[PDB]
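First the structure, in the form of structure tokens, and then the observations on it.
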There are 2 protein chains.
Amino acid sequence: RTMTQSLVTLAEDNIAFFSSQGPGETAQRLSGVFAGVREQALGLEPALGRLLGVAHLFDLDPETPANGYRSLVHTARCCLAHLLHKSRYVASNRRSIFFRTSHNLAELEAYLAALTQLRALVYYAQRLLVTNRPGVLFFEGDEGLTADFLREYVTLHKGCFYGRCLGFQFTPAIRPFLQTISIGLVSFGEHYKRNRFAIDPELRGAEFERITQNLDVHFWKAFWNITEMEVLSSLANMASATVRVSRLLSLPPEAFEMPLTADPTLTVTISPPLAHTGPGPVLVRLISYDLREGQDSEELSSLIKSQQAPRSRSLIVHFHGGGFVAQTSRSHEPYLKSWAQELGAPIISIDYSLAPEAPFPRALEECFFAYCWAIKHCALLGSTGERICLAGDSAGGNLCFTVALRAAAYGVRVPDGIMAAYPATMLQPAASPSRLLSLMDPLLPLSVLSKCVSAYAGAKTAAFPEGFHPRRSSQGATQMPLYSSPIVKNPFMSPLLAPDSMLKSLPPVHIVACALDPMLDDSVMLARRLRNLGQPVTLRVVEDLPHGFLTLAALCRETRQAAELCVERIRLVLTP
Amino acid sequence: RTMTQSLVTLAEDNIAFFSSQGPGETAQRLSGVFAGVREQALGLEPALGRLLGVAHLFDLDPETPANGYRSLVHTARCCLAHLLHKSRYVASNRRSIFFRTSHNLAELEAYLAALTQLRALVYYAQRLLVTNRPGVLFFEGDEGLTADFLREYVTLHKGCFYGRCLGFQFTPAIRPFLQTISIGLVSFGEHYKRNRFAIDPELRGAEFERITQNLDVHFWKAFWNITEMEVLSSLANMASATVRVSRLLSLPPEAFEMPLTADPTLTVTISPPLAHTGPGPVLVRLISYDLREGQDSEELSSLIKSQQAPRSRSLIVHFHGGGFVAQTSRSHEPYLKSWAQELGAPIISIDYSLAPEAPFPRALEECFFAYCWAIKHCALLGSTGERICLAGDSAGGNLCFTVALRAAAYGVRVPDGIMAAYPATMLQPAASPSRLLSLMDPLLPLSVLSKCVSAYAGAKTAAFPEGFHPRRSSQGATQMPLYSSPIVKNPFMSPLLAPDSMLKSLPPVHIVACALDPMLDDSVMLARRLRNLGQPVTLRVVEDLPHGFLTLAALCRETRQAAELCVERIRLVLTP
């Protein structure tokens, strides 16, 4: 309340400060800009108040302020505080007209656009809040009305977050990296459309919002694995710790023997990953700190595709992230090598196959085969197998859940821990308050996750009160195929809306996320759907960071303490 | 002897191990490879012994073993130690033929080529030493026969230091960056010729050694200021420290007046810097940690081109480097900001004009004008002028001798100390034992600095015993115009061959250098020409690093303390 009035009480004087000392256009521009600033603050105060009150009404626990409503309120108050600081500075420094009016004119115009767009988004979040039943942050409606809701929200235009104001909601110590990532991605988009703009940030939005609705997942397939090509994969490894064992493996494409815990004398044989195209080489790769006992012999030396540490205690499995479409296992070492420094475990970072050329169930069976091969060939991997741990990543968190839960349907000993960081656990398309901030994020537009589930599932190719009208996206109405066949509503693909009776045997789960991800409301529903069953799950939320910070640890101080947050919670699995 | 004999005692068995266990071509290949290795070591040992004896005979002081002879001896010794370690590993691990013979065949033939080419270079060093008078590091001959020596050097072929073994003489932690850098040059060269190479290192030399002799100075005008563009400068600026004063200036192109310290009552006026094309704006930019007293007023704020810190004690001048053709003042920030953390002085990183469109004296008097303007407008720069400390780089290391001593010709007071990191003080073209290893350096070959003096000067466009026939460069004779008109004989281009009576009034000098630079023999020659006059000059040498590492401070674990060494000797000036 004191933040909103402070912009209003400095309005008329600053309107009178510039309108009385010049008849030019800039006096009218600045007076109208500051009148719009006070009007937007005063009109945005009560909707923010209702949002924060029901956000208190909405969260699962008081310890973790993790909802979409808190994130939208945080974005709005960050914009308001930035406008307040800029206003205080210009008010304290308006003795001369030494500063050019054009620069601050364009800055405050962009911030006017930011405040009016956040006003539209906060009104839409309030509409969703009224429409749904409180207590559930998702929607129970059918496909048609959910698609109508998603199209109605995505009709808005994003000319402010993608221009000069890219990254106001984050730490100021990270913004130049976001700007050069934007420049590089626009550069690849222009180069590949053809098969400068970095000086002027005003024209950055004029392509950064067109790539939101004019992008293909085959084209983002290059983006996650741009850290794979032989110059940057080599140039990203000086921050990586010391190592010796960085060898690939090649598993045989034939089934073997494995027992079940319900009766040790009875075993169950399960076929290799066929997916009606023929089993192939399950390509895994072992990353270990040193050569372990019984590991550097011929049984491991015979499977590489073209002193000794003692008997190990517990191997750590790993599935990479990268949207199930890119970022193979050759990219996650610079924190995987830093993982092995203190854990002391042979980290087999499985490179599972990637969508859409290898969708489910191929993408979920060879990591089911590699996990199955690693309880019996334990000495071949330099491990014992009396205790198993797990790891998860950006997209490989649902795959971290699914392969650790369908094993319980087979009777084989499941692991006793899950460490999935910001997982994509809600691949079923539905509107959500935290998925509303998917059109504004720096690294990914709303179309990253819209076309991620098209690749995985193998798909075949009043609204507003009168007088309120911000800029609207008139660049063609995007009508994409987002149909939900019965192969998408399942734990095996999205383990929330799974039947309740088969989530009881889940391992203990440790999960982290950030407050400003689209993968925030998805992870929040996980805690609510398991705290009513007695199973313990711990969700930790961080702030001022995007999603995709695990491959970005050696960049800033706040990304250091967030990507290291995965490490100390992954070793709680290791104790008996 | 024991390092060379130990390569011989495991030769006959190594031949008997492979030639008696297979009739294929690889047996003859490996036997010939190890015979060539043993004969190259045994024939290169006596030349190395003569070179080390005369290297002990030739250096100035025992404290700093810095010549060309020590550097060539170290290169040969490092190649021999690498081959010895590889032979030890292969001899200990030749129980099976599991390792592919082709890979070690290619590595060992590359090392055979390396030993042959280093043998040719060591023979060239011996012939040079012999020919010239002992005691003088440089040659006293005329232009014609020195050009004959240079061409008789150039006709050699360097197909070994630029292939897979690119960067053996340095630390292994630095080599991946050199590999990506080499990929950068080969991609730049093929793109610039036209207006993949990371998989096969054998084909890397076949383009790199053509790039060496087929590049232009305008081509190299982009490499050093590739960190000047806004995306890479922004991507490098987070490692720098915090700042608030990073403002450019714009000096008036009109003459003004100085006193003389010989007699304060008499006065002298500057002739404005014309270079027969008209005086312009002396672009100088100020870097300071905080706003200082009398600095943020209207006088400084009226010069930007389109609490308060107290009365400062002294300023620090800075001239950038970059071969006089690139690397302007907009590329030296990320370590210049760390300079202001402890020094407590305002850095004026002067952006002087750049060769070849602005040769001497245009590149000489603008920085003379900027230094002259800072003696009088001291408070306007937030200084007092009670002490001048001066800094230098690869190319700016002669600026702290040329314009820092020509002020004493004008009678005005001179700075009380010079810091010059690896200065280029012998721009007159002639060969030396440290200019010998200018064809093997990764980041710049010999045709970089030999063609950067045509830019600065504004130029107008038995040999071997019988049976010794290594690979020779038959790709055209590079008969470039390297004529030396008397404009390079003068003191104000290369101060070693200056008249003796004027270097007496030089300020005290502190110079750092590396043991593997082409600009090594010149920097040790500088201490020779001043230690016989009584003026104290200190020279520090480092190892395992190239020259050009000041912009590469925060990239390796060994360049961190080497670029910190420049700061350590730059604060010794500040004491009275």
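Ordered as shown in the structure tokens, chains take letters A, B, and onward, while each chain numbers its residues from 1 and ligands are numbered from 1 in the order shown.
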
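Near residue A:429, within 8 Å and counting only C-alpha atoms, sit residues 426, 450, 482 and 484 of chain A; same-chain residues fewer than 3 positions away were not included.
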
Original post:
Cα-based RMSD, chain B fitted onto chain A, all atoms paired in sequence order: value?
Top reply: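 That gives an RMSD of 0.4 Å.
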
Subject >> Minimum-distance residue to residue A:340, chosen among A:28, A:40, A:288, A:20 (using only C-alpha atoms) >> reply: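 For residue A:340, the nearest of the given residues is A:288.
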
Check every residue of chain B for an atom within 8 Å of chain A, counting only C-alpha atoms, and provide those that qualify as a compact mmCIF listing (two decimals) with N, CA and C atoms, in the first residue's frame.
```
# COMPACT_ATOMS: atom_id res chain seq x y z
N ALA B 173 46.57 -27.87 -19.18
CA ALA B 173 45.28 -27.27 -18.88
C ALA B 173 44.92 -26.18 -19.88
N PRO B 176 43.28 -27.28 -24.49
CA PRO B 176 41.95 -27.27 -25.14
C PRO B 176 41.51 -25.91 -25.66
N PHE B 177 41.84 -24.83 -24.93
CA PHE B 177 41.50 -23.49 -25.40
C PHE B 177 42.25 -23.16 -26.68
N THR B 180 40.37 -24.98 -29.54
CA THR B 180 39.21 -24.21 -30.00
C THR B 180 39.62 -22.90 -30.66
N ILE B 183 40.64 -23.83 -34.16
CA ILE B 183 39.41 -24.02 -34.92
C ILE B 183 38.79 -22.68 -35.29
N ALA B 198 37.49 -30.29 -35.88
CA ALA B 198 37.71 -30.72 -34.51
C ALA B 198 37.70 -32.24 -34.36
N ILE B 199 37.41 -32.97 -35.44
CA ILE B 199 37.39 -34.43 -35.40
C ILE B 199 38.73 -35.01 -35.85
N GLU B 230 29.89 -6.28 -28.73
CA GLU B 230 29.13 -6.13 -27.49
C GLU B 230 28.72 -7.48 -26.90
N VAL B 231 28.52 -8.50 -27.74
CA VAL B 231 28.10 -9.80 -27.22
C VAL B 231 29.23 -10.47 -26.45
N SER B 234 30.17 -8.32 -23.29
CA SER B 234 29.17 -8.58 -22.26
C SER B 234 29.34 -9.98 -21.67
N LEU B 235 29.66 -10.97 -22.51
CA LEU B 235 29.91 -12.33 -22.03
C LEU B 235 31.20 -12.46 -21.24
N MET B 238 31.22 -10.25 -16.72
CA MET B 238 30.79 -10.66 -15.38
C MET B 238 31.95 -11.06 -14.48
N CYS B 556 42.58 -19.71 -16.93
CA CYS B 556 43.36 -20.86 -16.51
C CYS B 556 43.85 -20.65 -15.08
```

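Taking only stretch 209-297 of chain B, the residues that DSSP calls strand (DSSP E or B) from the backbone come to residues 245, 248, 251, 257, 258, 259, 267, 268, 269, 282, 284, 285, 286, 287, 288 and 292 of chain B.
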
Original post:
Near residue B:16, counting only C-alpha atoms, which residues have an atom at most 9 Å away, once you skip same-chain residues fewer than 5 positions from it, shown as a count of residues only?
Top reply: 3

If you count only C-alpha atoms, which residues fall within 12 Å of residue B:361, apart from same-chain ones fewer than 3 positions away, as a PDB file with C-alpha atoms, in the first residue's frame?
```pdb
ATOM      1  CA  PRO B 272      48.626  20.008 -32.247  1.00  0.00           C
ATOM      2  CA  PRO B 273      48.702  16.440 -33.581  1.00  0.00           C
ATOM      3  CA  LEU B 274      48.259  16.931 -37.325  1.00  0.00           C
ATOM      4  CA  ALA B 275      49.893  14.028 -39.213  1.00  0.00           C
ATOM      5  CA  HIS B 276      49.065  16.312 -42.195  1.00  0.00           C
ATOM      6  CA  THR B 277      45.358  15.434 -41.953  1.00  0.00           C
ATOM      7  CA  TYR B 352      45.032   6.123 -29.191  1.00  0.00           C
ATOM      8  CA  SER B 353      44.721   5.872 -32.965  1.00  0.00           C
ATOM      9  CA  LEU B 354      45.534   2.580 -34.664  1.00  0.00           C
ATOM     10  CA  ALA B 355      47.795   1.494 -37.519  1.00  0.00           C
ATOM     11  CA  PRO B 356      47.869   1.214 -40.576  1.00  0.00           C
ATOM     12  CA  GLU B 357      45.443   4.027 -41.487  1.00  0.00           C
ATOM     13  CA  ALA B 358      46.890   6.010 -38.552  1.00  0.00           C
ATOM     14  CA  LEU B 364      52.333   8.727 -31.449  1.00  0.00           C
ATOM     15  CA  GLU B 365      51.189  12.298 -30.708  1.00  0.00           C
ATOM     16  CA  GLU B 366      47.531  11.641 -29.803  1.00  0.00           C
ATOM     17  CA  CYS B 367      48.722   9.597 -26.841  1.00  0.00           C
ATOM     18  CA  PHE B 368      51.310  12.323 -26.344  1.00  0.00           C
ATOM     19  CA  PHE B 369      48.473  14.877 -26.340  1.00  0.00           C
ATOM     20  CA  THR B 402      58.620   6.082 -26.646  1.00  0.00           C
ATOM     21  CA  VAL B 403      56.267   8.816 -25.411  1.00  0.00           C
ATOM     22  CA  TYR B 456      53.089   0.937 -37.956  1.00  0.00           C
ATOM     23  CA  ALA B 457      55.762   2.184 -40.387  1.00  0.00           C
ATOM     24  CA  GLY B 458      53.280   2.783 -43.217  1.00  0.00           C
ATOM     25  CA  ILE B 487      62.119   5.571 -40.324  1.00  0.00           C
ATOM     26  CA  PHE B 492      60.893   6.767 -31.161  1.00  0.00           C
ATOM     27  CA  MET B 493      60.116   3.433 -32.860  1.00  0.00           C
TER      28      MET B 493
END
```

Original post:
Do you know which residues are at most 7 Å from stretch 433-448 of chain B counting only C-alpha atoms, after dropping those on the same chain fewer than 4 positions away, and could you put them as a ChimeraX atom specification?
Top reply: /B:67-69,125,161,166-167,178,212-213,452,517-518,520-521

Let me see the file: selected residues, C-alpha atoms, as a PDB file, in the first residue's frame.
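Produced file part-v8.pdb, reproduced below:
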```
ATOM      1  CA  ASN B  67      67.246 -16.274 -23.806  1.00  0.00           C
ATOM      2  CA  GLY B  68      66.253 -18.017 -27.001  1.00  0.00           C
ATOM      3  CA  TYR B  69      68.660 -20.877 -26.339  1.00  0.00           C
ATOM      4  CA  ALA B 125      70.344 -21.817 -33.612  1.00  0.00           C
ATOM      5  CA  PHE B 161      53.712 -28.089 -33.879  1.00  0.00           C
ATOM      6  CA  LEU B 166      49.501 -28.094 -30.796  1.00  0.00           C
ATOM      7  CA  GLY B 167      50.664 -26.714 -27.466  1.00  0.00           C
ATOM      8  CA  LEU B 178      44.257 -23.427 -28.033  1.00  0.00           C
ATOM      9  CA  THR B 212      50.243 -18.594 -41.263  1.00  0.00           C
ATOM     10  CA  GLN B 213      51.755 -17.603 -44.615  1.00  0.00           C
ATOM     11  CA  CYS B 452      52.405  -5.554 -37.912  1.00  0.00           C
ATOM     12  CA  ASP B 517      57.555 -15.552 -26.688  1.00  0.00           C
ATOM     13  CA  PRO B 518      58.976 -14.161 -29.923  1.00  0.00           C
ATOM     14  CA  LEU B 520      61.662 -12.552 -25.488  1.00  0.00           C
ATOM     15  CA  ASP B 521      65.106 -11.820 -26.976  1.00  0.00           C
TER      16      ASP B 521
END
```

Subject >> Shell of 9 Å around residue A:4, only C-alpha atoms, local chain residues under 6 positions omitted, as a list in words >> reply: residues 38, 41, 42, 44, 45, 80 and 84 of chain A

Write to file, as a tab-separated table (two decimals), in the first residue's frame, the residues of the selection just made, with N, CA and C atoms.
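Contents of the output file selection27.tsv:
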```tsv
chain	number	residue	atom	x	y	z
A	38	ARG	N	0.91	6.19	-12.62
A	38	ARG	CA	0.11	6.25	-11.39
A	38	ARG	C	-1.23	5.54	-11.57
A	41	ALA	N	-0.50	1.70	-11.36
A	41	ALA	CA	-0.24	1.28	-9.98
A	41	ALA	C	-1.53	1.26	-9.15
A	42	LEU	N	-2.34	2.32	-9.27
A	42	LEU	CA	-3.56	2.40	-8.47
A	42	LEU	C	-4.58	1.35	-8.90
A	44	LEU	N	-3.78	-1.57	-10.28
A	44	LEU	CA	-3.23	-2.90	-10.07
A	44	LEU	C	-3.12	-3.28	-8.61
A	45	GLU	N	-3.19	-2.31	-7.69
A	45	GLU	CA	-3.16	-2.63	-6.26
A	45	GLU	C	-4.24	-3.60	-5.77
A	80	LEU	N	6.92	-2.88	-10.10
A	80	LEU	CA	6.55	-1.68	-9.35
A	80	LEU	C	7.75	-1.10	-8.60
A	84	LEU	N	9.46	2.49	-9.19
A	84	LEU	CA	9.63	3.37	-8.03
A	84	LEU	C	11.06	3.88	-7.92
```

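For stretch 70-79 of chain A, the list of residues within 9 Å, based on only C-alpha atoms and with local chain neighbours fewer than 4 positions off taken out, reads residues 3, 44, 48, 49, 51, 52, 55, 56, 65, 66, 83, 84, 111, 114, 115, 118, 119, 121, 122, 125, 168, 169, 433, 434, 436, 437, 515, 516 and 517 of chain A.
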
Original post:
What are the DSSP alpha helix (DSSP H) residues of stretch 44-181 of chain B, as a PyMOL selection string?
Top reply: chain B and resi 44-58+68-92+101-131+143-154+175-181
